[PDB]
Amino acid sequence: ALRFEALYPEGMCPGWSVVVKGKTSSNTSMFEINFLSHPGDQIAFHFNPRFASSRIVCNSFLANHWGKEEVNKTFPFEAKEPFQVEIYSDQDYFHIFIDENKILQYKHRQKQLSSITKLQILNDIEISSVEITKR
Amino acid sequence: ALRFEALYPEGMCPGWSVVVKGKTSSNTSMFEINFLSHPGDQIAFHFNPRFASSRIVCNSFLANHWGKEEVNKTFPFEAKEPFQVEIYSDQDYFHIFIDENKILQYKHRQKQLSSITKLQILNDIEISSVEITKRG
Ligand SMILES: OC[C@H]1O[C@@H](O[C@H]2[C@H](O)[C@@H](O)[C@@H](O)O[C@@H]2CO)[C@H](O)[C@@H](O)[C@H]1O
Ligand SMILES: OC[C@H]1O[C@@H](O[C@H]2[C@H](O)[C@@H](O)[C@@H](O)O[C@@H]2CO)[C@H](O)[C@@H](O)[C@H]1O
């Protein structure tokens with residue numbers, strides 16, 4: 001279910017950095033980190049580490065359907081072991097860092113950056129910290 | 001207006017540290033940091049620096065009534081100047097540190113800490129950062 005949500009109406013894109021620390025409960029579940037645009041909560045960016053299969057699916061949900069999946073096969077995560085994820089964004093991409101190592105970048109599909117006012121965290125993650133900072 | 005809101009349904013009290021950084025605009029404005037419990041969006045802790053008077057007003061909005069006001073003498077903020085507020089909870093108090101200096105403690109009036117799941121930031125504060133961390 002939902003583990004955390006934040007709302008910043010002045011827009012957390014571009015230029016804001018989101019740092020999430022925690023660990024998973026099980027070895028075979030999953031969690032996701034979504035950036036939602038206002039109003040109507042389309043998903044500007046969806047970040048979904050899958051531990052049962054050890055891949056990272058990244059996608060967007062605009063206007064009623066997912067787009068093309070962007071997948072990363074090397075899993076920097078490890079079940080029940082603390083991790084750090086940093087998601088940042090500039091004019092052109094979302095930038096991803098795990099345990100301080102850059103893992104991927106994801107080019108904007110939702111072009112209305114200022115509409116991205118929400119953050120939510122779902123399912124199998126025990127949260128120890130969420131930090132949101134302007135860069 | 002609402003500047004920022006966060007929700008942690010597992011309950012962010014006690015043993016969590018909230019750190020807010022930003023600055024205000026006017027020498028005569030105010031902002032508030034509220035901790036809200038469910039049901040009813042009750043305000044277990046309301047932290048309200050008023051710059052027009054240079055006092056910090058804390059209170060609770062429980063069962064749809066403001067309580068007794070706990071007013072703080074010292075006023076560490078300076079309008080237009082960046083500041084840091086940290087609010088930490090233990091089993092007994094909300095502890096307030098401004099710019100790393102401890103300033104006041106506030107006795108829990110909402111006794112069901114587990115039900116405190118929402119943080120709210122309102123009005124004249126330009127936020128540069130918000131950090132929510134378990135036990136410091
Ligand atoms: O693209 C992210 C979403 O994927 C959905 O599952 C996909 C799956 O990745 C794919 O292999 C195939 O099975 O189609 C499924 C549905 O499109 C998830 O269900 C969804 O939660 C997102 O993660
Ligand atoms: O106690 C916190 C609330 O105070 C309200 O204003 C008070 C004010 O402090 C006092 O001087 C008196 O006049 O009663 C007012 C209404 O209770 C604020 O309006 C409210 O936002 C809280 O800050």
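Within every chain, numbering begins at 1; the chains are lettered A, B, ... in the order of the sequence lines, protein sequences first and strands thereafter.
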Where do A:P9 and B:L2 come nearest, in terms of heavy atoms and distance? CG-O, 3.6 Å

What's the shortest heavy-atom distance between B:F4 and A:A6, and which atoms? CZ-CB, 4.0 Å

Can you establish whether the number of heavy atoms outside [X] located under 6.0 Å from its atom [atom1] is more than 12?
X      : atom1 : answer
B:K102 : NZ    : yes
A:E10  : CD    : yes
B:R135 : CZ    : no
A:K21  : NZ    : no
A:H95  : NE2   : yes

Rounded to the nearest 0.5 Å, how far apart are [atom1] of [X] and [atom2] of [Y]?
X      : Y      : atom1 : atom2 : result
B:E5   : A:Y8   : CD    : OH    : 14.5 Å
A:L7   : B:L7   : CG    : CG    : 11.0 Å
A:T133 : B:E131 : OG1   : CD    : 7.5 Å

Atom group of A:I121 that falls short of 4.5 Å from chain B, counting heavy atoms: neither

